[PDB]
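Shown here: protein-v1.cif, mmCIF, C-alpha atoms.
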data_target
#
loop_
_atom_site.label_atom_id
_atom_site.label_comp_id
_atom_site.auth_asym_id
_atom_site.auth_seq_id
_atom_site.Cartn_x
_atom_site.Cartn_y
_atom_site.Cartn_z
CA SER Y 2 61.41 85.10 -35.50
CA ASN Y 3 58.24 85.51 -37.58
CA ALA Y 4 58.37 81.77 -38.43
CA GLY Y 5 55.70 80.73 -35.85
CA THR Y 6 53.30 83.56 -36.79
CA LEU Y 7 53.64 82.64 -40.47
CA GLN Y 8 53.17 78.96 -39.55
CA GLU Y 9 49.93 79.62 -37.64
CA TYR Y 10 48.70 81.68 -40.63
CA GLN Y 11 49.32 78.90 -43.16
CA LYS Y 12 47.62 76.38 -40.79
CA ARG Y 13 44.59 78.60 -40.56
CA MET Y 14 44.47 79.22 -44.33
CA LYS Y 15 44.46 75.43 -44.93
CA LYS Y 16 41.56 75.07 -42.40
CA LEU Y 17 39.58 77.79 -44.21
CA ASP Y 18 40.02 75.90 -47.44
CA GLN Y 19 39.01 72.57 -45.80
CA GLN Y 20 35.85 74.28 -44.45
CA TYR Y 21 35.01 75.79 -47.82
CA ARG Y 22 35.35 72.40 -49.58
CA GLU Y 23 33.22 70.73 -46.86
CA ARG Y 24 30.54 73.43 -47.18
CA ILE Y 25 30.39 72.79 -51.00
CA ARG Y 26 30.29 69.00 -50.43
CA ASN Y 27 27.43 69.43 -47.94
CA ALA Y 28 25.55 71.57 -50.49
CA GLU Y 29 25.87 68.81 -53.10
CA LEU Y 30 24.61 66.19 -50.64
CA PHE Y 31 21.78 68.47 -49.45
CA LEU Y 32 20.73 68.98 -53.08
CA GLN Y 33 20.42 65.20 -53.51
CA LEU Y 34 18.45 64.71 -50.30
CA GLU Y 35 16.14 67.67 -51.06
CA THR Y 36 15.58 66.31 -54.56
CA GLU Y 37 14.59 62.93 -53.08
CA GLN Y 38 12.07 64.63 -50.79
CA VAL Y 39 10.55 66.50 -53.76
CA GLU Y 40 10.23 63.11 -55.55
CA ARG Y 41 8.54 61.55 -52.44
CA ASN Y 42 6.08 64.42 -52.38
CA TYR Y 43 5.25 63.81 -56.03
CA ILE Y 44 4.61 60.07 -55.38
CA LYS Y 45 2.47 60.96 -52.38
CA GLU Y 46 0.37 63.43 -54.38
CA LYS Y 47 -0.23 60.96 -57.22
CA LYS Y 48 -1.37 58.34 -54.64
CA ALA Y 49 -3.72 60.95 -53.10
CA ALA Y 50 -5.08 61.79 -56.63
CA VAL Y 51 -5.74 58.09 -57.40
CA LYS Y 52 -7.49 57.66 -53.99
CA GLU Y 53 -9.62 60.76 -54.53
CA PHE Y 54 -10.62 59.51 -58.03
CA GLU Y 55 -11.55 56.10 -56.69
CA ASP Y 56 -13.41 57.47 -53.65
CA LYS Y 57 -15.41 59.96 -55.77
CA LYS Y 58 -16.30 57.23 -58.26
CA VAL Y 59 -17.66 55.06 -55.43
CA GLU Y 60 -19.68 57.99 -54.12
CA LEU Y 61 -21.09 58.76 -57.61
CA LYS Y 62 -22.13 55.12 -58.16
CA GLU Y 63 -23.68 54.74 -54.68
CA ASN Y 64 -25.58 58.00 -55.30
CA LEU Y 65 -26.81 56.67 -58.70
CA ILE Y 66 -28.16 53.48 -57.05
CA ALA Y 67 -29.99 55.55 -54.42
CA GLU Y 68 -31.31 57.98 -57.14
CA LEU Y 69 -32.67 55.15 -59.28
CA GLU Y 70 -34.53 53.78 -56.23
CA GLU Y 71 -35.84 57.30 -55.41
CA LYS Y 72 -37.07 57.95 -58.97
CA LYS Y 73 -38.99 54.65 -58.79
CA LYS Y 74 -40.90 55.97 -55.76
CA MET Y 75 -41.53 59.41 -57.24
CA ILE Y 76 -42.92 57.63 -60.37
CA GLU Y 77 -45.36 55.66 -58.20
CA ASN Y 78 -46.49 58.85 -56.44
CA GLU Y 79 -47.07 60.48 -59.83
CA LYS Y 80 -49.24 57.51 -60.88
CA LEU Y 81 -51.34 57.90 -57.73
CA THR Y 82 -51.68 61.65 -58.17
CA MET Y 83 -52.87 61.10 -61.76
CA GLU Y 84 -55.47 58.51 -60.59
CA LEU Y 85 -56.74 60.87 -57.89
CA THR Y 86 -56.96 63.98 -60.16
CA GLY Y 87 -58.58 62.40 -63.22
CA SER N 2 -37.20 57.40 -68.47
CA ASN N 3 -33.87 56.81 -66.70
CA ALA N 4 -32.05 58.24 -69.76
CA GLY N 5 -31.45 61.72 -68.21
CA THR N 6 -30.25 60.32 -64.86
CA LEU N 7 -27.84 57.99 -66.67
CA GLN N 8 -26.73 60.92 -68.86
CA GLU N 9 -25.95 63.16 -65.87
CA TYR N 10 -23.99 60.24 -64.34
CA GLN N 11 -21.80 59.71 -67.40
CA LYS N 12 -21.19 63.51 -67.61
CA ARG N 13 -20.07 63.55 -64.01
CA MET N 14 -17.86 60.46 -64.43
CA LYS N 15 -16.08 62.16 -67.37
CA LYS N 16 -15.54 65.30 -65.19
CA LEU N 17 -14.05 63.16 -62.39
CA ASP N 18 -11.64 61.67 -64.88
CA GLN N 19 -10.73 65.14 -66.29
CA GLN N 20 -10.05 66.34 -62.72
CA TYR N 21 -7.91 63.30 -61.91
CA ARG N 22 -5.79 63.80 -65.08
CA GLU N 23 -5.42 67.53 -64.29
CA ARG N 24 -4.37 66.76 -60.71
CA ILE N 25 -1.64 64.36 -62.04
CA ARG N 26 -0.53 66.95 -64.63
CA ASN N 27 -0.28 69.61 -61.90
CA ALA N 28 1.82 67.21 -59.79
CA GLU N 29 4.25 66.72 -62.68
CA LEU N 30 4.54 70.48 -63.21
CA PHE N 31 4.90 71.13 -59.46
CA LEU N 32 7.71 68.53 -59.34
CA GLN N 33 9.58 70.46 -62.04
CA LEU N 34 9.12 73.84 -60.36
CA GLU N 35 10.08 72.47 -56.92
CA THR N 36 13.15 70.85 -58.45
CA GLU N 37 14.16 74.21 -59.96
CA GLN N 38 13.83 75.88 -56.56
CA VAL N 39 16.04 73.19 -54.96
CA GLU N 40 18.63 73.90 -57.73
CA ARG N 41 18.42 77.70 -57.04
CA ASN N 42 19.01 77.04 -53.36
CA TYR N 43 22.10 74.99 -54.21
CA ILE N 44 23.51 77.81 -56.41
CA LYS N 45 22.78 80.33 -53.66
CA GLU N 46 24.55 78.23 -51.03
CA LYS N 47 27.66 77.75 -53.18
CA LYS N 48 27.80 81.54 -53.76
CA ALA N 49 27.48 82.09 -49.98
CA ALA N 50 30.32 79.50 -49.39
CA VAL N 51 32.62 81.27 -51.90
CA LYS N 52 31.85 84.67 -50.27
CA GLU N 53 32.50 83.31 -46.78
CA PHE N 54 35.84 81.80 -47.95
CA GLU N 55 36.90 85.06 -49.56
CA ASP N 56 35.77 87.22 -46.62
CA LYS N 57 37.56 84.99 -44.06
CA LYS N 58 40.73 85.01 -46.14
CA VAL N 59 40.69 88.84 -46.19
CA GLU N 60 40.18 88.89 -42.43
CA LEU N 61 43.05 86.40 -41.86
CA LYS N 62 45.45 88.44 -44.04
CA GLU N 63 44.48 91.79 -42.47
CA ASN N 64 44.97 90.20 -39.03
CA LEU N 65 48.43 88.89 -40.10
CA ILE N 66 49.51 92.41 -41.19
CA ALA N 67 48.35 93.86 -37.86
CA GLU N 68 50.06 90.97 -35.92
CA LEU N 69 53.38 91.48 -37.70
CA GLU N 70 53.25 95.20 -36.78
CA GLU N 71 52.34 94.30 -33.15
CA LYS N 72 55.18 91.76 -32.80
CA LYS N 73 57.60 94.47 -33.99
CA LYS N 74 56.53 96.66 -31.06
CA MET N 75 56.62 93.87 -28.49
CA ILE N 76 60.19 93.07 -29.72
CA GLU N 77 61.24 96.68 -29.11
CA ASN N 78 59.74 96.60 -25.60
CA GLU N 79 61.65 93.40 -24.88
CA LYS N 80 64.90 95.09 -25.98
CA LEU N 81 64.22 97.98 -23.60
CA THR N 82 63.35 95.67 -20.73
CA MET N 83 66.62 93.76 -21.29
CA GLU N 84 68.62 97.05 -21.28
CA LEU N 85 66.93 98.18 -18.06
CA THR N 86 67.36 94.84 -16.20
CA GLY N 87 70.97 94.06 -17.12
#

Once more with this new file: its structure as structure tokens, please.
Amino acid sequence: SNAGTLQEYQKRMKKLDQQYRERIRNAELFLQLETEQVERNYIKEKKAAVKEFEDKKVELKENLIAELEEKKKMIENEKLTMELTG
Amino acid sequence: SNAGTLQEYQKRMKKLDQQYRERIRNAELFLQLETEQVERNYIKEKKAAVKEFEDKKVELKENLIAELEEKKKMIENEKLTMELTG
């Protein structure tokens, strides 16, 4: 009489529960995948930091080599200027 | 003669190293803060899942109460129809 109505209700309650448990499960999985992405980003940033360090060190050394050659020339010009101006 | 140039260079090399170490340190800290945010998001989602479950269960039960009252009325109408149509 009400048997079918009560039956539908219990079916639907069980589905709500299934959906709740699946939503919680998906949250747990999403947490793990998000955490992995955060870890990847960390690895990427450290690689970028090492590359920056290495690139800047190259630039500093190449600039030093050029500066030592330049100071040589300036020194020569100063010798000339001193010869010219007694 | 080159002493000051070499001095500046060593100063700058030390600063590059300081900046590299700080960049790595900041990455480690950022990892921890990002990880905490991922954890907050997980907690938030589970709360939202519990609320959804509870809200849907209320709705299902309130609908059942209304449906049982409605079936009552339909049943009465069917009794009348049967009396009228022999």

Just so the selection is clear, what residues does the PyMOL selection byres ((chain N and resi 17) around 10) cover here, as a tab-separated table (two decimals) with C-alpha atoms, in the frame of the given file?
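File out_34.tsv, as written:
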chain	number	residue	atom	x	y	z
Y	53	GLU	CA	-9.62	60.76	-54.53
Y	54	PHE	CA	-10.62	59.51	-58.03
Y	55	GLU	CA	-11.55	56.10	-56.69
Y	57	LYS	CA	-15.41	59.96	-55.77
Y	58	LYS	CA	-16.30	57.23	-58.26
Y	61	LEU	CA	-21.09	58.76	-57.61
N	11	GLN	CA	-21.80	59.71	-67.40
N	12	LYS	CA	-21.19	63.51	-67.61
N	13	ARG	CA	-20.07	63.55	-64.01
N	14	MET	CA	-17.86	60.46	-64.43
N	15	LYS	CA	-16.08	62.16	-67.37
N	16	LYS	CA	-15.54	65.30	-65.19
N	18	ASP	CA	-11.64	61.67	-64.88
N	19	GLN	CA	-10.73	65.14	-66.29
N	20	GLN	CA	-10.05	66.34	-62.72
N	21	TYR	CA	-7.91	63.30	-61.91
N	22	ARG	CA	-5.79	63.80	-65.08
N	23	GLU	CA	-5.42	67.53	-64.29

- Let me know the residues the PyMOL selection byres ((chain N) within 7 of (chain Y)) catches in the file above, as an MDAnalysis selection string. chainID N and resid 17 21 24:25 28 32 35:36 39 43 46:47 50 54

Around all the atoms of stretch 12-15 of chain N listed in the file, draw an axis-aligned box and extend it by 8 Å on each of the six sides; I want its centre and edge lengths in Å to one decimal, as AutoDock Vina command-line options.
--center_x -18.6 --center_y 62.0 --center_z -65.8 --size_x 21.1 --size_y 19.1 --size_z 19.6

- Message: So the first atom is atom CA of residue Y:70 and the second is atom CA of residue Y:56; what is the distance between them in Å, to one decimal place?
- Response: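 Separation between atom CA of residue Y:70 and atom CA of residue Y:56: 21.6 Å.
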
- Query: Any idea what the distance is between atom CA of residue N:79 and atom CA of residue N:63?
  - Reply: 24.6 Å

- Computed interatomic separation between atom CA of residue N:8 and atom CA of residue Y:67 (Å):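 One can read the atom CA of residue N:8 to atom CA of residue Y:67 distance as 15.7 Å.
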
Provide stretch 2-79 of chain Y of the preceding structure as a file containing C-alpha atoms, as a PDB file, in the first residue's frame.
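The resulting file, part01.pdb, is shown below:
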ATOM      1  CA  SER Y   2       0.000   0.000   0.000  1.00  0.00           C
ATOM      2  CA  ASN Y   3       2.791   2.362   1.100  1.00  0.00           C
ATOM      3  CA  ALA Y   4       5.339  -0.445   0.494  1.00  0.00           C
ATOM      4  CA  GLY Y   5       6.517   0.896  -2.933  1.00  0.00           C
ATOM      5  CA  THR Y   6       6.829   4.505  -1.718  1.00  0.00           C
ATOM      6  CA  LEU Y   7       8.852   3.343   1.293  1.00  0.00           C
ATOM      7  CA  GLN Y   8      10.942   1.141  -1.032  1.00  0.00           C
ATOM      8  CA  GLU Y   9      11.786   4.021  -3.388  1.00  0.00           C
ATOM      9  CA  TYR Y  10      12.735   6.112  -0.318  1.00  0.00           C
ATOM     10  CA  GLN Y  11      15.166   3.526   1.058  1.00  0.00           C
ATOM     11  CA  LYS Y  12      16.694   3.107  -2.459  1.00  0.00           C
ATOM     12  CA  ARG Y  13      17.238   6.831  -2.685  1.00  0.00           C
ATOM     13  CA  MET Y  14      18.685   7.069   0.845  1.00  0.00           C
ATOM     14  CA  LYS Y  15      21.241   4.344  -0.044  1.00  0.00           C
ATOM     15  CA  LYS Y  16      22.181   6.320  -3.232  1.00  0.00           C
ATOM     16  CA  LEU Y  17      22.683   9.497  -1.172  1.00  0.00           C
ATOM     17  CA  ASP Y  18      25.012   7.606   1.104  1.00  0.00           C
ATOM     18  CA  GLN Y  19      26.922   6.082  -1.878  1.00  0.00           C
ATOM     19  CA  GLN Y  20      27.334   9.609  -3.320  1.00  0.00           C
ATOM     20  CA  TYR Y  21      28.536  11.022  -0.010  1.00  0.00           C
ATOM     21  CA  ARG Y  22      31.162   8.246   0.368  1.00  0.00           C
ATOM     22  CA  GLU Y  23      32.293   8.769  -3.256  1.00  0.00           C
ATOM     23  CA  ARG Y  24      32.578  12.528  -2.717  1.00  0.00           C
ATOM     24  CA  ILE Y  25      34.826  11.897   0.381  1.00  0.00           C
ATOM     25  CA  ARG Y  26      36.896   9.331  -1.563  1.00  0.00           C
ATOM     26  CA  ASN Y  27      37.360  11.832  -4.417  1.00  0.00           C
ATOM     27  CA  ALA Y  28      38.490  14.472  -1.887  1.00  0.00           C
ATOM     28  CA  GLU Y  29      41.138  12.098  -0.521  1.00  0.00           C
ATOM     29  CA  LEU Y  30      42.390  11.314  -4.029  1.00  0.00           C
ATOM     30  CA  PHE Y  31      42.333  15.002  -5.033  1.00  0.00           C
ATOM     31  CA  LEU Y  32      44.386  15.819  -1.919  1.00  0.00           C
ATOM     32  CA  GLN Y  33      47.050  13.336  -3.033  1.00  0.00           C
ATOM     33  CA  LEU Y  34      47.158  14.616  -6.614  1.00  0.00           C
ATOM     34  CA  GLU Y  35      47.243  18.274  -5.493  1.00  0.00           C
ATOM     35  CA  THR Y  36      50.032  17.441  -3.059  1.00  0.00           C
ATOM     36  CA  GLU Y  37      52.029  15.856  -5.903  1.00  0.00           C
ATOM     37  CA  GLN Y  38      51.598  18.994  -8.009  1.00  0.00           C
ATOM     38  CA  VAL Y  39      52.842  21.171  -5.108  1.00  0.00           C
ATOM     39  CA  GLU Y  40      55.910  18.850  -4.885  1.00  0.00           C
ATOM     40  CA  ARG Y  41      56.514  19.170  -8.689  1.00  0.00           C
ATOM     41  CA  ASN Y  42      56.371  22.936  -8.366  1.00  0.00           C
ATOM     42  CA  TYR Y  43      58.973  22.807  -5.598  1.00  0.00           C
ATOM     43  CA  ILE Y  44      61.325  20.663  -7.748  1.00  0.00           C
ATOM     44  CA  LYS Y  45      60.818  23.022 -10.679  1.00  0.00           C
ATOM     45  CA  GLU Y  46      61.628  26.088  -8.577  1.00  0.00           C
ATOM     46  CA  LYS Y  47      64.811  24.556  -7.157  1.00  0.00           C
ATOM     47  CA  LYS Y  48      65.937  23.694 -10.727  1.00  0.00           C
ATOM     48  CA  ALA Y  49      65.200  27.302 -11.785  1.00  0.00           C
ATOM     49  CA  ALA Y  50      67.214  28.590  -8.729  1.00  0.00           C
ATOM     50  CA  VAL Y  51      70.222  26.374  -9.617  1.00  0.00           C
ATOM     51  CA  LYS Y  52      70.048  27.555 -13.276  1.00  0.00           C
ATOM     52  CA  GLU Y  53      69.835  31.205 -12.243  1.00  0.00           C
ATOM     53  CA  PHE Y  54      72.846  30.762  -9.901  1.00  0.00           C
ATOM     54  CA  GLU Y  55      74.885  29.094 -12.621  1.00  0.00           C
ATOM     55  CA  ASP Y  56      73.875  31.609 -15.322  1.00  0.00           C
ATOM     56  CA  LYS Y  57      74.677  34.610 -13.076  1.00  0.00           C
ATOM     57  CA  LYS Y  58      78.040  33.118 -12.145  1.00  0.00           C
ATOM     58  CA  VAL Y  59      78.924  32.743 -15.843  1.00  0.00           C
ATOM     59  CA  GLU Y  60      77.887  36.343 -16.471  1.00  0.00           C
ATOM     60  CA  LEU Y  61      79.959  37.608 -13.495  1.00  0.00           C
ATOM     61  CA  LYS Y  62      83.070  35.716 -14.667  1.00  0.00           C
ATOM     62  CA  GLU Y  63      82.708  36.804 -18.318  1.00  0.00           C
ATOM     63  CA  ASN Y  64      82.288  40.400 -17.087  1.00  0.00           C
ATOM     64  CA  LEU Y  65      85.450  40.062 -14.926  1.00  0.00           C
ATOM     65  CA  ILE Y  66      87.489  38.877 -17.956  1.00  0.00           C
ATOM     66  CA  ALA Y  67      86.230  41.830 -20.021  1.00  0.00           C
ATOM     67  CA  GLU Y  68      86.891  44.269 -17.081  1.00  0.00           C
ATOM     68  CA  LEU Y  69      90.465  43.059 -16.625  1.00  0.00           C
ATOM     69  CA  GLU Y  70      91.091  43.624 -20.360  1.00  0.00           C
ATOM     70  CA  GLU Y  71      89.460  47.102 -20.137  1.00  0.00           C
ATOM     71  CA  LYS Y  72      91.525  48.155 -17.092  1.00  0.00           C
ATOM     72  CA  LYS Y  73      94.667  47.179 -19.028  1.00  0.00           C
ATOM     73  CA  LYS Y  74      93.727  49.686 -21.749  1.00  0.00           C
ATOM     74  CA  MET Y  75      92.766  52.454 -19.335  1.00  0.00           C
ATOM     75  CA  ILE Y  76      96.185  51.934 -17.624  1.00  0.00           C
ATOM     76  CA  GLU Y  77      97.958  52.415 -20.961  1.00  0.00           C
ATOM     77  CA  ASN Y  78      95.977  55.600 -21.645  1.00  0.00           C
ATOM     78  CA  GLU Y  79      96.941  56.907 -18.209  1.00  0.00           C
TER      79      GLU Y  79
END
